[PDB]
């Protein structure tokens, strides 16, 4: 599937977000080499340090089903420009994905920035 369809999956994933403290909904969608998609959203805690990001939710759900080979991930939020993952998600993406895996950052108004896991974290 193409980047436009994986972005839609992230738009759908995002609607499921648990965010009463920030009210800021993020969604992600991870695609395996076999073509399966894993959806993820952010999940907050009143104790802010325990908040979990969409990207990590999607990745942990894929690992938990025994899927380990990932080709791309799309990430979506209602920002002005597409905003990239926070530094802690980038680090997890580096652990679980290859340097060349595609990352499509997007917002709800059609903006798109394609990058890679490696480029997101210089020297990781």
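Numbering follows the first chain given and starts at 1.
S.K.: Higher average CA B factor in the deposited record is what I'm after, so tell me if that's 37 to 45 or 78 to 86.
M.R.: Per the PDB entry, the higher value belongs to 78 to 86.
S.K.: If you average the CA temperature factors over each stretch, which comes out higher, 99 to 107 or 16 to 24?
M.R.: Result: 16 to 24.
S.K.: Which has the highest CA B-factor per the PDB entry: 63, 51, 54, 30?
M.R.: Among 63, 51, 54, 30, the highest C-alpha B-factor in the entry belongs to 51.
S.K.: In terms of the CA temperature factor given in the entry, to which third of its chain does residue 7 belong: lowest, middle or highest?
M.R.: It belongs to the lowest third of the chain when residues are ordered by C-alpha B-factor.
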